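Presented as structure tokens, the chain that follows is alone, the form deposited in one PDB entry.
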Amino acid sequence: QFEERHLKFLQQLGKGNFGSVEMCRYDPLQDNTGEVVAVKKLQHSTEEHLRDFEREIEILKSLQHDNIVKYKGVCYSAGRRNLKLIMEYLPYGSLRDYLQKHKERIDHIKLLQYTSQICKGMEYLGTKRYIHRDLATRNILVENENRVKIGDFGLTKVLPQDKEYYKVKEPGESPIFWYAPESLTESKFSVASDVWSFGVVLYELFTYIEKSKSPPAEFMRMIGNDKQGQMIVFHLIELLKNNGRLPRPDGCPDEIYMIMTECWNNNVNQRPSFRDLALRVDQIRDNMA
């Protein structure tokens, strides 16, 4: 519905592994009346990458929720190459950088607001039987001081109807420090692995993205910085299956840390649901207020 002719490049907004996102201005009248949108593009167009990008586009088109980034349209050439996804432009960027540059104005009540918003978005994803597979603060965008949104779905898969997990291993490497143990060992991805990752997101939020306190830093100072290559993953595996966990972040109440640890249960069936998480987080936020 968008013609590439009229898309005017302004700057680059974010760079991931198979594509990137540009701030551009859709201005068909050529008078700077058009609106500023975000455009996700591909860095290499294989047909594997093209088919997965199309599946992701149709996934995002099927979503509507106040904590999901808004699909706007598609744009292409010549042909059916150069595929580009148009989305609403969120002007405060990723939650990672926003929180790392405003750490002195975001108290625990606002972090709990963000947390409950993420949980509502994730539950909405689950009702459609989608597995996000990449829940992290770098993948959360900020609409304003009171609203955040899940903003990338490049790894999201739909569950088959007879099973509740999804087995997939991608080429290249993976954000293994957000991954549940069953996703490192058997490549199984489900709602419960998304709950593990959300526990990690909670940890991130309450570290305020301190650089020494990142999950990679903490995990590889727990296993030793001498490990390299595949062995890293291996050691991580055993560390997690001996109940080694990320430490409680500085200033984080024990109620929150216990939510985190309950989402890091090794038994994949003893993890909380996103609705139970939203309930507990809302009750804590109400006790603080």
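Note that residue numbering follows the sequence shown and begins at 1. Throughout, rigid core stands for the largest set of C-alpha atoms superposing within 1.5 Å between the two forms.
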**Message:** Considering only other entries where residues before and after it are modelled, is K211 without coordinates in at least a third?
**Reply:** no
**Request:** Please report whether at least a third of the other compared entries leave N17 without coordinates.
**Result:** yes
**Given 92 to 100 and 214 to 222, the range whose Cα B-factors average higher in the PDB entry** = 214 to 222
**Asked** Given the B-factors recorded for C-alpha atoms, which segment has the greater mean, 112 to 120 or 80 to 88?
**Response** 80 to 88
**Fill in**
In this crystal structure's PDB entry, the residue among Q161, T156, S197, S183 with the greatest CA B factor is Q161
**Prompt:** Looking at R245, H44, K40, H65, which has the highest Cα B-factor in the entry?
**Reply:** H44
**Prompt:** In terms of the CA temperature factor given in the entry, to which third of its chain does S174 belong: lowest, middle or highest?
**Reply:** highest
**Complete:** Tertile call for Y257 (CA temperature factor, within chain, third-based) is the lowest
**Lowest, middle or highest third - CA B-factor, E143** = middle
**Request:** Grab the CA temperature factor for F274 from the record and place it in the lowest, middle or highest third of its chain.
**Result:** lowest
**Prompt:** Relative to the other modelled residues in the chain, which third contains the C-alpha temperature factor of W264: lowest, middle or highest?
**Reply:** lowest
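This protein has a second form, the form deposited in another entry, left out of what is shown; the following refers to that one.
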**Request:** Superpose on the rigid core, then report which one of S77, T185, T127, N146 has a CA displacement of at least 2 angstroms between this form and the one not shown.
**Result:** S77
**Request:** Classify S62 as shifted (yes) or not shifted (no) between this form and the one not shown, where shifted means its C-alpha moves by 2 Å or more with the rigid core superposed.
**Result:** no
**Prompt:** Rigid core fitted, is the C-alpha displacement of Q30 between this form and the one not shown 2 Å or more?
**Reply:** yes
**Message:** After a rigid core superposition, would you say the CA of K15 moves by 2 angstroms or more between this form and the one not shown, or not?
**Reply:** yes
